[PDB]
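Engineer: Okay, so here is coords.pdb, and as you'll see once you scroll down, it has PDB, C-alpha atoms (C1' of nucleotides).
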MODEL        1
ATOM      1  CA  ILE A   4      91.290 -29.311 113.811
ATOM      2  CA  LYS A   5      88.527 -26.742 114.165
ATOM      3  CA  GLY A   6      89.033 -24.114 116.810
ATOM      4  CA  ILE A   7      88.448 -20.599 118.055
ATOM      5  CA  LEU A   8      91.410 -18.317 118.936
ATOM      6  CA  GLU A   9      90.837 -15.193 121.040
ATOM      7  CA  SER A  10      93.312 -12.289 120.984
ATOM      8  CA  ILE A  11      93.843 -10.532 124.312
ATOM      9  CA  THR A  12      96.872  -8.571 123.122
ATOM     10  CA  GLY A  13      96.731  -7.263 119.581
ATOM     11  CA  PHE A  14      98.853  -8.165 116.611
ATOM     12  CA  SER A  15     100.783  -6.288 113.929
ATOM     13  CA  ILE A  16     101.544  -8.056 110.650
ATOM     14  CA  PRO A  17     102.844  -5.700 107.925
ATOM     15  CA  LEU A  18     102.639  -5.790 104.142
ATOM     16  CA  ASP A  19     104.300  -3.728 101.419
ATOM     17  CA  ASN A  20     103.241  -0.222 100.256
ATOM     18  CA  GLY A  21     102.398   0.691 103.867
ATOM     19  CA  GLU A  22      99.480  -1.702 104.262
ATOM     20  CA  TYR A  23      98.793  -4.050 107.174
ATOM     21  CA  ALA A  24      96.420  -6.965 106.644
ATOM     22  CA  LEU A  25      93.177  -7.257 108.590
ATOM     23  CA  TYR A  26      93.481 -10.904 109.726
ATOM     24  CA  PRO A  27      96.524 -12.967 110.775
ATOM     25  CA  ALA A  28      97.596 -15.170 107.915
ATOM     26  CA  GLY A  29      98.390 -18.880 108.193
ATOM     27  CA  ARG A  30     102.042 -18.287 107.326
ATOM     28  CA  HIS A  31     102.399 -16.451 110.655
ATOM     29  CA  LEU A  32     100.555 -19.303 112.413
ATOM     30  CA  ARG A  33     102.935 -21.787 110.815
ATOM     31  CA  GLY A  34     106.049 -19.805 111.728
ATOM     32  CA  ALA A  35     104.952 -19.450 115.351
ATOM     33  CA  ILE A  36     104.089 -23.148 115.644
ATOM     34  CA  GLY A  37     107.319 -24.287 113.964
ATOM     35  CA  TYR A  38     109.276 -22.087 116.374
ATOM     36  CA  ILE A  39     107.252 -23.649 119.170
ATOM     37  CA  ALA A  40     107.954 -27.193 117.952
ATOM     38  CA  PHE A  41     111.622 -26.176 117.694
ATOM     39  CA  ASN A  42     111.540 -25.009 121.346
ATOM     40  CA  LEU A  43     110.091 -28.443 122.318
ATOM     41  CA  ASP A  44     112.233 -30.517 119.876
ATOM     42  CA  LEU A  45     109.062 -32.093 118.411
ATOM     43  CA  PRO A  46     109.853 -34.604 115.602
ATOM     44  CA  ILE A  47     108.080 -32.519 112.911
ATOM     45  CA  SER A  48     110.338 -29.419 113.303
ATOM     46  CA  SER A  49     112.484 -30.297 110.254
ATOM     47  CA  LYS A  50     109.254 -30.425 108.230
ATOM     48  CA  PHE A  51     108.154 -26.943 109.334
ATOM     49  CA  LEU A  52     111.660 -25.853 108.324
ATOM     50  CA  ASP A  53     110.782 -27.113 104.833
ATOM     51  CA  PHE A  54     108.482 -24.745 102.952
ATOM     52  CA  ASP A  55     107.076 -27.485 100.695
ATOM     53  CA  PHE A  56     105.434 -29.995 103.061
ATOM     54  CA  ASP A  57     101.728 -30.102 102.350
ATOM     55  CA  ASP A  58     100.600 -32.921 104.709
ATOM     56  CA  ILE A  59      99.683 -30.497 107.492
ATOM     57  CA  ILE A  60      97.778 -27.554 106.039
ATOM     58  CA  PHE A  61      97.688 -24.512 108.292
ATOM     59  CA  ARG A  62      94.901 -22.510 106.650
ATOM     60  CA  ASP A  63      94.452 -18.775 107.173
ATOM     61  CA  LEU A  64      93.027 -17.406 110.382
ATOM     62  CA  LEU A  65      89.751 -15.868 109.210
ATOM     63  CA  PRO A  66      87.756 -13.499 111.495
ATOM     64  CA  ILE A  67      84.724 -15.350 112.849
ATOM     65  CA  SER A  68      81.605 -13.110 112.970
ATOM     66  CA  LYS A  69      78.668 -12.548 115.356
ATOM     67  CA  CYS A  70      76.968 -15.215 113.186
ATOM     68  CA  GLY A  71      79.531 -17.621 114.663
ATOM     69  CA  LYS A  72      80.499 -18.599 111.099
ATOM     70  CA  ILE A  73      83.700 -17.572 109.237
ATOM     71  CA  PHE A  74      83.802 -14.117 107.542
ATOM     72  CA  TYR A  75      84.513 -14.622 103.801
ATOM     73  CA  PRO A  76      86.639 -12.371 101.552
ATOM     74  CA  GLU A  77      85.233  -9.857  99.041
ATOM     75  CA  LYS A  78      86.851  -9.349  95.581
ATOM     76  CA  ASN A  79      88.354  -5.884  94.797
ATOM     77  CA  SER A  80      88.154  -4.568  98.406
ATOM     78  CA  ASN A  81      89.931  -4.722 101.799
ATOM     79  CA  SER A  82      87.212  -6.301 104.002
ATOM     80  CA  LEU A  83      85.336  -9.577 104.726
ATOM     81  CA  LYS A  84      81.554  -9.956 105.358
ATOM     82  CA  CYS A  85      79.637 -12.965 106.775
ATOM     83  CA  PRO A  86      77.501 -14.054 103.791
ATOM     84  CA  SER A  87      75.165 -15.103 106.602
ATOM     85  CA  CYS A  88      75.167 -11.612 108.201
ATOM     86  CA  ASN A  89      75.796  -8.157 106.649
ATOM     87  CA  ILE A  91      81.977  -6.239 107.551
ATOM     88  CA  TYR A  92      85.449  -6.714 109.031
ATOM     89  CA  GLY A  93      87.997  -4.239 107.740
ATOM     90  CA  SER A  94      89.602  -0.755 107.837
ATOM     91  CA  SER A  95      88.176  -0.158 111.325
ATOM     92  CA  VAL A  96      90.311  -2.494 113.459
ATOM     93  CA  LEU A  97      93.685  -1.243 112.227
ATOM     94  CA  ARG A  98      94.891   1.261 114.797
ATOM     95  CA  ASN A  99      97.765   3.670 114.223
ATOM     96  CA  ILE A 100     100.464   3.436 116.887
ATOM     97  CA  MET A 101     103.320   5.879 117.513
ATOM     98  CA  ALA A 102     105.520   4.550 120.325
ATOM     99  CA  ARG A 103     108.833   6.228 121.286
ATOM    100  CA  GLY A 104     109.571   7.131 117.699
ATOM    101  CA  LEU A 105     108.407   3.829 116.208
ATOM    102  CA  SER A 106     105.278   4.278 114.104
ATOM    103  CA  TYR A 107     103.353   1.251 112.863
ATOM    104  CA  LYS A 108      99.822  -0.176 112.766
ATOM    105  CA  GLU A 109      98.220  -2.851 114.936
ATOM    106  CA  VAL A 110      94.938  -4.725 114.648
ATOM    107  CA  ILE A 111      92.889  -4.328 117.851
ATOM    108  CA  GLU A 112      92.414  -7.218 120.264
ATOM    109  CA  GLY A 113      89.336  -9.053 121.507
ATOM    110  CA  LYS A 114      88.070 -10.205 118.145
ATOM    111  CA  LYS A 115      87.699 -13.966 117.694
ATOM    112  CA  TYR A 116      89.432 -15.679 114.725
ATOM    113  CA  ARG A 117      89.231 -19.192 113.200
ATOM    114  CA  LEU A 118      91.952 -21.783 114.026
ATOM    115  CA  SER A 119      91.191 -24.354 111.305
ATOM    116  CA  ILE A 120      94.224 -26.566 110.458
ATOM    117  CA  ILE A 121      93.923 -29.914 108.593
ATOM    118  CA  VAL A 122      96.046 -33.040 109.074
ATOM    119  CA  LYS A 123      96.124 -35.603 106.258
ATOM    120  CA  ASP A 124      98.203 -38.302 108.014
ATOM    121  CA  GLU A 125      98.323 -40.078 111.370
ATOM    122  CA  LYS A 126     101.971 -39.025 111.575
ATOM    123  CA  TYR A 127     101.032 -35.774 113.433
ATOM    124  CA  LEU A 128      97.777 -36.138 115.404
ATOM    125  CA  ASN A 129      99.943 -36.609 118.505
ATOM    126  CA  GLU A 130     102.216 -33.753 117.403
ATOM    127  CA  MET A 131      99.420 -31.289 116.607
ATOM    128  CA  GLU A 132      97.696 -32.418 119.825
ATOM    129  CA  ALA A 133     100.875 -31.361 121.623
ATOM    130  CA  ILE A 134     100.988 -28.004 119.794
ATOM    131  CA  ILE A 135      97.298 -27.208 120.537
ATOM    132  CA  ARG A 136      97.879 -28.264 124.170
ATOM    133  CA  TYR A 137     100.827 -25.863 124.292
ATOM    134  CA  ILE A 138      98.710 -23.134 122.591
ATOM    135  CA  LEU A 139      96.050 -23.860 125.238
ATOM    136  CA  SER A 140      97.996 -23.687 128.461
ATOM    137  CA  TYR A 141     100.502 -20.937 127.520
ATOM    138  CA  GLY A 142      99.229 -19.224 124.340
ATOM    139  CA  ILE A 143     100.623 -18.514 120.852
ATOM    140  CA  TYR A 144     102.046 -15.341 119.292
ATOM    141  CA  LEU A 145     101.602 -13.935 115.787
ATOM    142  CA  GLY A 146     103.035 -10.865 114.099
ATOM    143  CA  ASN A 147     105.698  -8.388 115.072
ATOM    144  CA  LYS A 148     106.988  -7.785 118.611
ATOM    145  CA  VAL A 149     106.550 -11.396 119.738
ATOM    146  CA  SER A 150     109.111 -10.859 122.477
ATOM    147  CA  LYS A 151     107.279  -7.667 123.515
ATOM    148  CA  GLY A 152     103.983  -9.485 124.015
ATOM    149  CA  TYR A 153     102.201  -8.298 120.873
ATOM    150  CA  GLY A 154     100.100 -11.002 119.271
ATOM    151  CA  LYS A 155      98.820 -12.899 122.331
ATOM    152  CA  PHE A 156      96.330 -15.534 121.117
ATOM    153  CA  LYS A 157      94.824 -18.113 123.448
ATOM    154  CA  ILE A 158      92.438 -20.844 122.366
ATOM    155  CA  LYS A 159      88.756 -20.656 123.094
ATOM    156  CA  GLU A 160      87.711 -23.889 121.381
ATOM    157  CA  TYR A 161      89.485 -27.099 120.305
ATOM    158  CA  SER A 162      87.546 -29.752 118.363
ATOM    159  CA  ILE A 163      89.123 -32.625 116.407
ATOM    160  CA  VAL A 164      86.462 -32.924 113.694
ATOM    161  CA  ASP A 165      86.957 -34.795 110.384
ATOM    162  CA  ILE A 166      87.418 -32.772 107.144
ATOM    163  CA  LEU A 167      86.639 -33.601 103.465
ATOM    164  CA  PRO A 168      87.791 -31.953 100.174
ATOM    165  CA  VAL A 169      85.543 -29.596  98.125
ATOM    166  CA  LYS A 170      83.678 -31.897  95.679
ATOM    167  CA  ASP A 171      83.133 -28.929  93.354
ATOM    168  CA  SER A 172      85.204 -27.555  90.492
ATOM    169  CA  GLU A 173      83.476 -24.191  91.040
ATOM    170  CA  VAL A 174      85.548 -22.869  93.945
ATOM    171  CA  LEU A 175      86.075 -19.413  95.430
ATOM    172  CA  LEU A 176      89.627 -18.492  96.548
ATOM    173  CA  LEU A 177      89.473 -18.119 100.374
ATOM    174  CA  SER A 178      93.000 -16.681 100.431
ATOM    175  CA  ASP A 179      95.793 -15.537  98.125
ATOM    176  CA  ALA A 180      96.695 -18.353  95.730
ATOM    177  CA  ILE A 181     100.018 -18.608  93.894
ATOM    178  CA  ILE A 182      99.979 -18.662  90.084
ATOM    179  CA  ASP A 183     102.868 -18.243  87.647
ATOM    180  CA  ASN A 184     101.351 -15.212  85.869
ATOM    181  CA  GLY A 185      99.521 -13.816  88.903
ATOM    182  CA  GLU A 186      98.874 -10.134  89.554
ATOM    183  CA  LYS A 187      99.045  -9.861  93.361
ATOM    184  CA  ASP A 188     102.636 -10.178  94.539
ATOM    185  CA  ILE A 189     102.553 -12.362  97.665
ATOM    186  CA  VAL A 190     105.545 -11.661  99.903
ATOM    187  CA  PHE A 191     106.514 -13.800 102.885
ATOM    188  CA  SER A 192     109.689 -14.936 104.618
ATOM    189  CA  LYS A 193     111.534 -18.070 105.724
ATOM    190  CA  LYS A 194     113.947 -17.647 108.626
ATOM    191  CA  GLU A 195     116.338 -20.392 109.717
ATOM    192  CA  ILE A 196     117.038 -20.419 113.455
ATOM    193  CA  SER A 197     120.369 -21.981 114.537
ATOM    194  CA  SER A 198     121.637 -21.057 111.041
ATOM    195  CA  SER A 199     121.143 -17.219 111.008
ATOM    196  CA  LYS A 200     119.552 -17.185 107.549
ATOM    197  CA  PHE A 201     116.891 -14.740 106.362
ATOM    198  CA  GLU A 202     115.121 -14.571 102.979
ATOM    199  CA  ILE A 203     112.023 -12.692 101.642
ATOM    200  CA  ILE A 204     109.986 -15.049  99.361
ATOM    201  CA  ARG A 205     108.197 -12.781  96.802
ATOM    202  CA  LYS A 206     106.050 -14.715  94.281
ATOM    203  CA  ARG A 207     103.265 -13.612  91.960
ATOM    204  CA  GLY A 208      99.790 -15.023  92.417
ATOM    205  CA  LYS A 209      96.035 -14.546  92.496
ATOM    206  CA  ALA A 210      94.129 -12.646  95.171
ATOM    207  CA  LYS A 211      91.311 -13.836  97.430
ATOM    208  CA  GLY A 212      87.543 -13.654  96.925
ATOM    209  CA  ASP A 213      87.578 -14.651  93.239
ATOM    210  CA  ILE A 214      85.592 -17.544  91.808
ATOM    211  CA  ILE A 215      87.724 -20.043  89.875
ATOM    212  CA  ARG A 216      86.096 -22.368  87.314
ATOM    213  CA  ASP A 217      88.894 -24.914  87.339
ATOM    214  CA  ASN A 218      88.511 -28.708  87.205
ATOM    215  CA  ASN A 219      91.901 -29.350  88.959
ATOM    216  CA  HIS A 220      90.481 -28.972  92.546
ATOM    217  CA  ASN A 221      94.068 -29.513  93.886
ATOM    218  CA  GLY A 222      93.110 -31.859  96.711
ATOM    219  CA  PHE A 223      91.523 -29.757  99.454
ATOM    220  CA  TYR A 224      91.993 -26.096  98.432
ATOM    221  CA  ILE A 225      95.743 -25.741  97.693
ATOM    222  CA  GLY A 226      94.934 -23.235  94.943
ATOM    223  CA  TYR A 228     100.366 -24.040  94.844
ATOM    224  CA  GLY A 229     102.600 -23.190  97.790
ATOM    225  CA  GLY A 230     100.562 -24.651 100.619
ATOM    226  CA  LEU A 231     101.858 -23.854 104.137
ATOM    227  CA  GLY A 232      99.194 -21.197 104.217
ATOM    228  CA  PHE A 233      99.167 -19.422 100.782
ATOM    229  CA  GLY A 234      95.900 -20.057  98.879
ATOM    230  CA  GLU A 235      92.645 -21.635 100.024
ATOM    231  CA  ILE A 236      89.222 -22.269  98.459
ATOM    232  CA  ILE A 237      85.587 -22.666  99.527
ATOM    233  CA  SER A 238      82.553 -24.333  97.958
ATOM    234  CA  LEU A 239      80.436 -21.827  96.029
TER     235      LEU A 239
ATOM    236  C1'   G B   1     110.127 -23.220 111.383
ATOM    237  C1'   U B   2     105.845 -15.531 111.542
ATOM    238  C1'   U B   3     108.406  -9.662 105.064
ATOM    239  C1'   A B   4     111.251 -11.852 111.044
ATOM    240  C1'   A B   5     114.723  -9.864 114.753
ATOM    241  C1'   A B   6     115.750  -5.101 116.959
ATOM    242  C1'   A B   7     113.609  -0.306 119.845
ATOM    243  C1'   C B   8     109.687   1.042 127.299
ATOM    244  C1'   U B   9     104.305   6.934 124.272
ATOM    245  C1'   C B  10     109.445   8.463 127.521
ATOM    246  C1'   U B  11     110.561  13.482 129.389
ATOM    247  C1'   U B  12     108.474  18.727 132.023
ATOM    248  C1'   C B  13     104.135  20.420 135.159
ATOM    249  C1'   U B  14     102.234  20.310 143.715
ATOM    250  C1'   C B  15      94.101  19.863 143.084
ATOM    251  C1'   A B  16      95.979  24.652 143.965
ATOM    252  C1'   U B  17      93.395  29.177 145.241
ATOM    253  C1'   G B  18      89.113  32.086 148.065
ATOM    254  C1'   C B  19      85.967  30.925 153.152
ATOM    255  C1'   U B  20      87.423  31.784 161.718
ATOM    256  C1'   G B  21      82.728  25.891 164.154
ATOM    257  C1'   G B  22      80.314  30.231 164.745
ATOM    258  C1'   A B  23      75.696  31.762 166.666
ATOM    259  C1'   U B  24      71.671  31.000 171.312
ATOM    260  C1'   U B  25      71.870  29.780 177.051
ATOM    261  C1'   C B  26      74.232  33.568 184.546
ATOM    262  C1'   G B  27      76.828  26.976 188.394
ATOM    263  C1'   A B  28      71.960  28.408 189.795
ATOM    264  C1'   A B  29      68.566  26.517 193.466
ATOM    265  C1'   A B  30      67.897  24.819 199.363
ATOM    266  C1'   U B  31      70.712  25.380 204.571
ATOM    267  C1'   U B  32      70.883  31.851 210.668
ATOM    268  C1'   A B  33      78.536  30.377 213.167
ATOM    269  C1'   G B  34      74.635  28.298 216.002
ATOM    270  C1'   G B  35      74.801  25.766 220.519
ATOM    271  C1'   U B  36      77.499  25.784 226.211
ATOM    272  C1'   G B  37      79.853  29.348 230.161
ATOM    273  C1'   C B  38      77.105  35.392 235.646
ATOM    274  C1'   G B  39      83.392  40.612 235.217
ATOM    275  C1'   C B  40      83.587  37.478 239.364
ATOM    276  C1'   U B  41      86.924  37.045 243.598
ATOM    277  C1'   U B  42      89.655  40.272 247.698
ATOM    278  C1'   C B  43      89.249  45.855 250.355
ATOM    279  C1'   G B  44      83.838  48.909 256.961
ATOM    280  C1'   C B  45      84.573  56.878 253.844
ATOM    281  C1'   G B  46      88.178  55.172 258.166
ATOM    282  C1'   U B  47      91.414  58.584 260.592
ATOM    283  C1'   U B  48      91.656  64.057 263.017
ATOM    284  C1'   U B  49      87.903  68.485 265.811
ATOM    285  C1'   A B  50      84.179  68.606 274.062
ATOM    286  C1'   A B  51      77.275  73.390 271.609
ATOM    287  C1'   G B  52      81.939  75.806 273.862
ATOM    288  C1'   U B  53      81.960  81.175 274.788
TER     289        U B  53
ENDMDL
END
Show me this structure written as structure tokens.

Structural biologist:
Amino acid sequence: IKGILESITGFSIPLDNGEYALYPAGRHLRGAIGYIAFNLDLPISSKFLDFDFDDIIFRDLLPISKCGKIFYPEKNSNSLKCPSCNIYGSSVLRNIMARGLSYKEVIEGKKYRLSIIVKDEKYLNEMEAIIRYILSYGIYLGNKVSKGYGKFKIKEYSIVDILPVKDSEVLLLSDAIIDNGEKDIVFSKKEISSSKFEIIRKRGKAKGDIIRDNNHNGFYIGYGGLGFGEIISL
RNA sequence: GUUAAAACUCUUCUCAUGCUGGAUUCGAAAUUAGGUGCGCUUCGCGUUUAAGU
């Protein structure tokens, strides 16, 4: 499901070592949508509760550019540049000190990609319902969801077919998970109506690196899915 | 079912002070208290004395 999301209120997603990432990741999208499906008792909730399901792949929200295409990551850096057009990064983070609380927030108004993929007919009605909900009443990503930070309304919704990358020469669009990886990817898995919190920290490989690997792992999928690692045709 | 949830950039501070709607210009110009009506009516300078010796 290809789409364009526009932020009217900005978002704040933190990382470790006092960094905040440029773009909202697909793990945040997933967590928001699974909350939203919980609030509407949609039949897929239990599956968003599971961190393993790979049928629905919520990719990462990547900043679209003036080109209209998707900005692509750059190895050994903290920015993304439309190969089509000469950069997104380290100029949209904005330092915020609010009644004691000091954090960082990525400024609003920029347009990001809403590209999810659905490999079964079991959800087209369900996703439809979630995009319809995201359309009429918005979605929220990041911190301070109940304070209105992270407002994200749709700007475009197209149900357009998708096909895997018929290339073993693939560039990592986002942070893949490998057993001996160097970038520690940290995320979390709450459990509402159970009061359970956990911080999932797993090693893996960073984005913007070309991988010469004949596996091809379906469409992207590096191994976590549910966000995590993506790939693009080089 | 988002390394989440939680937590209001809040509190203090008067657009205030200085400056006069003042200066110039005459309620003036034209018009006669004028027109009508008589100080009139009533009341004899009388009374008294020989041009004589």

Engineer: I would like the residues chosen by the PyMOL selection byres ((chain A and resi 82-91) around 9) on the shown file; could you give them as number ranges by chain?

Structural biologist: A: 25, 65-70, 72-78, 80-81, 92-94

Engineer: Could the residues in this selection be saved with C-alpha atoms as a compact mmCIF listing (two decimals), in the coordinates of the input?

Structural biologist:
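So the final result, stored in selection_0.txt, reads:
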# COMPACT_ATOMS: atom_id res chain seq x y z
CA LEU A 25 93.18 -7.26 108.59
CA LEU A 65 89.75 -15.87 109.21
CA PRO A 66 87.76 -13.50 111.50
CA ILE A 67 84.72 -15.35 112.85
CA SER A 68 81.60 -13.11 112.97
CA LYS A 69 78.67 -12.55 115.36
CA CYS A 70 76.97 -15.22 113.19
CA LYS A 72 80.50 -18.60 111.10
CA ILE A 73 83.70 -17.57 109.24
CA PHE A 74 83.80 -14.12 107.54
CA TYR A 75 84.51 -14.62 103.80
CA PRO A 76 86.64 -12.37 101.55
CA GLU A 77 85.23 -9.86 99.04
CA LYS A 78 86.85 -9.35 95.58
CA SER A 80 88.15 -4.57 98.41
CA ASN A 81 89.93 -4.72 101.80
CA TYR A 92 85.45 -6.71 109.03
CA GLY A 93 88.00 -4.24 107.74
CA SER A 94 89.60 -0.76 107.84

Engineer: Which value, in Å to one decimal, gives the distance between atom CA of residue A:206 and atom CA of residue A:182?

Structural biologist: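 Value for the atom CA of residue A:206-atom CA of residue A:182 distance: 8.4 Å.
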
Engineer: Near chain B, which residues of chain A fall within 10 Å when you count only C-alpha atoms (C1' of nucleotides), and what do they look like as a PyMOL selection string?

Structural biologist: chain A and resi 16-19+27-41+47-54+100-105+144-151+189-196+201-205

Engineer: Grab all the atoms of stretch 122-125 of chain A that the file lists, wrap them in a box along x, y and z, add 8 Å per side, and give me centre plus edge lengths in Å (one decimal) as lines of an AutoDock Vina configuration file.

Structural biologist:
center_x = 97.2
center_y = -36.6
center_z = 108.8
size_x = 18.3
size_y = 23.0
size_z = 21.1

Engineer: Work out how far atom CA of residue A:14 is from atom CA of residue A:155, in Å to one decimal.

Structural biologist: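 These two atoms are separated by 7.4 Å.
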
Engineer: Rounded to one decimal, what separation in Å do you get between atom CA of residue A:118 and atom CA of residue A:7?

Structural biologist: 5.5 Å

Engineer: May I have the residues within 7 Å of residue A:231 as a PDB file with C-alpha atoms, keeping the file's coordinate frame, using all atoms listed in the file and disregarding those fewer than 2 positions away in the same chain?

Structural biologist:
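Okay, this is what ended up in around-v9.pdb:
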ATOM      1  CA  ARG A  30     102.042 -18.287 107.326  1.00  0.00           C
ATOM      2  CA  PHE A  54     108.482 -24.745 102.952  1.00  0.00           C
ATOM      3  CA  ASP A  57     101.728 -30.102 102.350  1.00  0.00           C
ATOM      4  CA  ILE A  60      97.778 -27.554 106.039  1.00  0.00           C
ATOM      5  CA  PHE A  61      97.688 -24.512 108.292  1.00  0.00           C
ATOM      6  CA  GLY A 229     102.600 -23.190  97.790  1.00  0.00           C
ATOM      7  CA  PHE A 233      99.167 -19.422 100.782  1.00  0.00           C
TER       8      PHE A 233
END

Engineer: Counting only C-alpha atoms (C1' of nucleotides), what is within 8 Å of residue A:9, bar same-chain residues fewer than 4 positions away, as a PyMOL selection string?

Structural biologist: chain A and resi 113-116+156-159

Engineer: Within 8 Å of stretch 176-180 of chain A, counting all atoms listed in the file, which residues qualify if same-chain residues fewer than 6 places away don't, as an mmCIF file with C-alpha atoms, keeping the file's coordinate frame?

Structural biologist:
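Wrote result.cif, looks like this:
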data_model
loop_
_atom_site.group_PDB
_atom_site.id
_atom_site.type_symbol
_atom_site.label_atom_id
_atom_site.label_comp_id
_atom_site.auth_asym_id
_atom_site.auth_seq_id
_atom_site.Cartn_x
_atom_site.Cartn_y
_atom_site.Cartn_z
ATOM 1 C CA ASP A 63 94.452 -18.775 107.173
ATOM 2 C CA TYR A 75 84.513 -14.622 103.801
ATOM 3 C CA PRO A 76 86.639 -12.371 101.552
ATOM 4 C CA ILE A 189 102.553 -12.362 97.665
ATOM 5 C CA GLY A 208 99.790 -15.023 92.417
ATOM 6 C CA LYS A 209 96.035 -14.546 92.496
ATOM 7 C CA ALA A 210 94.129 -12.646 95.171
ATOM 8 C CA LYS A 211 91.311 -13.836 97.430
ATOM 9 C CA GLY A 212 87.543 -13.654 96.925
ATOM 10 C CA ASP A 213 87.578 -14.651 93.239
ATOM 11 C CA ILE A 214 85.592 -17.544 91.808
ATOM 12 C CA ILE A 215 87.724 -20.043 89.875
ATOM 13 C CA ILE A 225 95.743 -25.741 97.693
ATOM 14 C CA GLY A 226 94.934 -23.235 94.943
ATOM 15 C CA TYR A 228 100.366 -24.040 94.844
ATOM 16 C CA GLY A 229 102.600 -23.190 97.790
ATOM 17 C CA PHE A 233 99.167 -19.422 100.782
ATOM 18 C CA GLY A 234 95.900 -20.057 98.879
ATOM 19 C CA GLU A 235 92.645 -21.635 100.024
ATOM 20 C CA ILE A 236 89.222 -22.269 98.459
ATOM 21 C CA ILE A 237 85.587 -22.666 99.527
#

Engineer: What does the PyMOL selection byres ((chain A and resi 122) around 8) select in this file, as a PDB file with C-alpha atoms, keeping the file's coordinate frame?

Structural biologist:
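This is the output file selection_14.pdb:
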ATOM      1  CA  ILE A   4      91.290 -29.311 113.811  1.00  0.00           C
ATOM      2  CA  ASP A  58     100.600 -32.921 104.709  1.00  0.00           C
ATOM      3  CA  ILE A  59      99.683 -30.497 107.492  1.00  0.00           C
ATOM      4  CA  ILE A  60      97.778 -27.554 106.039  1.00  0.00           C
ATOM      5  CA  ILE A 120      94.224 -26.566 110.458  1.00  0.00           C
ATOM      6  CA  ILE A 121      93.923 -29.914 108.593  1.00  0.00           C
ATOM      7  CA  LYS A 123      96.124 -35.603 106.258  1.00  0.00           C
ATOM      8  CA  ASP A 124      98.203 -38.302 108.014  1.00  0.00           C
ATOM      9  CA  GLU A 125      98.323 -40.078 111.370  1.00  0.00           C
ATOM     10  CA  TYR A 127     101.032 -35.774 113.433  1.00  0.00           C
ATOM     11  CA  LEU A 128      97.777 -36.138 115.404  1.00  0.00           C
TER      12      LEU A 128
END

Engineer: Take stretch 201-211 of chain A, bring it up to N, CA, C and O atoms, and give me the output as an mmCIF file, keeping the file's coordinate frame.

Structural biologist:
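This is the output file rebuild00.cif:
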data_model
loop_
_atom_site.group_PDB
_atom_site.id
_atom_site.type_symbol
_atom_site.label_atom_id
_atom_site.label_comp_id
_atom_site.auth_asym_id
_atom_site.auth_seq_id
_atom_site.Cartn_x
_atom_site.Cartn_y
_atom_site.Cartn_z
ATOM 1 N N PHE A 201 118.124 -15.465 106.621
ATOM 2 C CA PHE A 201 116.891 -14.740 106.362
ATOM 3 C C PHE A 201 116.698 -14.592 104.863
ATOM 4 O O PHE A 201 117.653 -14.319 104.129
ATOM 5 N N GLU A 202 115.445 -14.736 104.419
ATOM 6 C CA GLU A 202 115.121 -14.571 102.979
ATOM 7 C C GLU A 202 113.678 -14.057 102.858
ATOM 8 O O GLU A 202 112.837 -14.455 103.692
ATOM 9 N N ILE A 203 113.410 -13.200 101.869
ATOM 10 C CA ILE A 203 112.023 -12.692 101.642
ATOM 11 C C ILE A 203 111.472 -13.359 100.372
ATOM 12 O O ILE A 203 111.914 -12.978 99.267
ATOM 13 N N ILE A 204 110.546 -14.307 100.530
ATOM 14 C CA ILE A 204 109.986 -15.049 99.361
ATOM 15 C C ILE A 204 108.895 -14.195 98.696
ATOM 16 O O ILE A 204 107.782 -14.118 99.260
ATOM 17 N N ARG A 205 109.204 -13.583 97.548
ATOM 18 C CA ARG A 205 108.197 -12.781 96.802
ATOM 19 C C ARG A 205 107.799 -13.534 95.526
ATOM 20 O O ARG A 205 108.666 -13.693 94.646
ATOM 21 N N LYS A 206 106.542 -13.962 95.424
ATOM 22 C CA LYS A 206 106.050 -14.715 94.281
ATOM 23 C C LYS A 206 104.725 -14.134 93.815
ATOM 24 O O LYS A 206 103.904 -13.717 94.630
ATOM 25 N N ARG A 207 104.517 -14.115 92.504
ATOM 26 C CA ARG A 207 103.265 -13.612 91.960
ATOM 27 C C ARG A 207 102.144 -14.617 92.210
ATOM 28 O O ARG A 207 102.385 -15.806 92.428
ATOM 29 N N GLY A 208 100.910 -14.123 92.217
ATOM 30 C CA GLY A 208 99.790 -15.023 92.417
ATOM 31 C C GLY A 208 98.465 -14.304 92.290
ATOM 32 O O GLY A 208 98.400 -13.124 91.938
ATOM 33 N N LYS A 209 97.400 -15.042 92.594
ATOM 34 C CA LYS A 209 96.035 -14.546 92.496
ATOM 35 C C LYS A 209 95.498 -14.187 93.877
ATOM 36 O O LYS A 209 95.827 -14.829 94.877
ATOM 37 N N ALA A 210 94.656 -13.158 93.919
ATOM 38 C CA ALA A 210 94.129 -12.646 95.171
ATOM 39 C C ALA A 210 92.916 -13.457 95.627
ATOM 40 O O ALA A 210 92.445 -14.367 94.942
ATOM 41 N N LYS A 211 92.410 -13.108 96.809
ATOM 42 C CA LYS A 211 91.311 -13.836 97.430
ATOM 43 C C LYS A 211 89.968 -13.346 96.889
ATOM 44 O O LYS A 211 89.878 -12.341 96.179
#
